[PDB]
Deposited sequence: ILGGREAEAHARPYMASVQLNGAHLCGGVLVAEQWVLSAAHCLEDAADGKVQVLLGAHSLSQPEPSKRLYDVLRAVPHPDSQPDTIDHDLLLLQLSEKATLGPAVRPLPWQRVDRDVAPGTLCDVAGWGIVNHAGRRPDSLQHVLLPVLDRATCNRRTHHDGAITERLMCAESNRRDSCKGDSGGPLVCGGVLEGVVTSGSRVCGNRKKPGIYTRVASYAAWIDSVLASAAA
C-alpha cells in the first residue's frame, strides 16, 4: 500500500495473507468459514493462508496459518489480462473464528456504488518506490472513481469493463503484494484488488478492483462445491 498508514491490529478480521513457502504473496479476504477470496494471478509451491495477523513475522495469539486444500482460479482468467481476476482458496478446514478472524460479507447487488465512496484497502504490499515491504498490515482510504473517468484516454483508455471498478491512485494506492486484498465500502466487500502489474501512486492510472457482485454466481458455485 503506497501512502497509507499502519492498520489498527486485528481491526479487519477478514484480512488474509496468501503465502507461498511462508512468504507473503497476495492479500486475501475471508468470505466463508473455509474460503478465502483473492486474485487469479496470485498463483507447484506451498500455498497457505495466514489469518488473524497483523505482523507477518511476529507471534500473535490470533495468528493461524492454514494449509489450502484447493486453489480455484477463475476458469476464464488468462495471463496478460485482468478480467475475471479472482481466486478462491479452500482452507484445509473451517477457520477458527473469533474477534480477530471473521468472514466479511460480500456485495451481491450488481450495481455501482456512489462516485467518491470512501473505501478501505489493506495489504502487506510495497510501501515505496524502492520496494520496501512492511511487516505489519497497512491500509488506505480510497474514494471510488467512476468508470467513465477511469476509462478516459488519459487514464485506462476503455479497459475498465462493468465487472471492474476503480479507485483513486493519487500517491495513496494499492501496489505489488496488495493484489487479492479487499476493497471494503460501506462495511461490505465491494472489490478485490487486481493482480496484474500496474503503476502505483499515479493519479492518472487509478487502481483497479474486481467487482465481487459481478462474480456472485462464480463465488456461490465454488463456495458450495
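Visitor: Residue ranges with no C-alpha coordinates, please: along the deposited sequence, counted from 1, in order.
Guide: Absent from the structure are positions 44 to 47, 230 to 232.
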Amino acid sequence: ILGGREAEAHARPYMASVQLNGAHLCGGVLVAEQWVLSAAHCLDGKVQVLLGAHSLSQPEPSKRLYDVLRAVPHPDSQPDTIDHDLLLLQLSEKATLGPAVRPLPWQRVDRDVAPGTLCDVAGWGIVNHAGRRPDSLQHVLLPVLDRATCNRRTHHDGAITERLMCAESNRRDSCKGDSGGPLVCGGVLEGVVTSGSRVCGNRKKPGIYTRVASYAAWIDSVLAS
From here on, numbers count along this sequence of modelled residues.
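Here, rigid core means the biggest group of C-alpha atoms that superpose within 1.5 Å across both forms.
Visitor: What stretch shows more C-alpha movement in 6 other deposited structures of this protein relative to this form, 92 to 100 or 75 to 83, after the core is superposed?
Guide: Between the two stretches, 75 to 83 moves farther in 6 other deposited structures of this protein.
Visitor: Once the rigid core is lined up, would you tell me whether 193 to 201 or 154 to 162 has the higher RMS CA deviation in 6 other deposited structures of this protein?
Guide: Of 193 to 201 and 154 to 162, the stretch deviating more in 6 other deposited structures of this protein is 193 to 201.
Visitor: If you average the Cα B factors in the entry, which is higher, 78 to 86 or 100 to 108?
Guide: Per the PDB entry, the higher value belongs to 78 to 86.
Visitor: Look over 64 to 72 and 178 to 186 in the entry and identify the one with the greater average Cα temperature factor.
Guide: Stretch with the higher mean C-alpha B-factor: 64 to 72.
Visitor: Choose from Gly191, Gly28, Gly52, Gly158 the residue with the greatest Cα B-factor as stated in the PDB record.
Guide: Answer for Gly191, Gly28, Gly52, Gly158: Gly158, with the highest C-alpha B-factor.
Visitor: Highest CA temperature factor in the entry: which of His10, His24, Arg211, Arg203?
Guide: The record points to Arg203.
Visitor: Select lowest, middle or highest to describe the third in which the CA B-factor of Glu162 falls within its chain in this entry.
Guide: Its C-alpha B-factor belongs to the middle third of this chain's values.
Visitor: Give the position of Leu20 by CA B-factor within its chain, expressed as the lowest, middle or highest third.
Guide: Highest third.
Visitor: Please rank the C-alpha B-factors of the chain's modelled residues and tell me whether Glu33 sits in the lowest, middle or highest third.
Guide: It belongs to the highest third of the chain when residues are ordered by C-alpha B-factor.
Visitor: So where's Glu168 on the chain's Cα temperature factor ranking, which third?
Guide: Middle third, going by the recorded CA B-factors of the chain.
Visitor: Based on the entry's values, in what third of the chain does the Cα temperature factor of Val199 lie: lowest, middle or highest?
Guide: Its C-alpha B-factor, which the entry lists for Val199, ranks in the middle third among residues of this chain.
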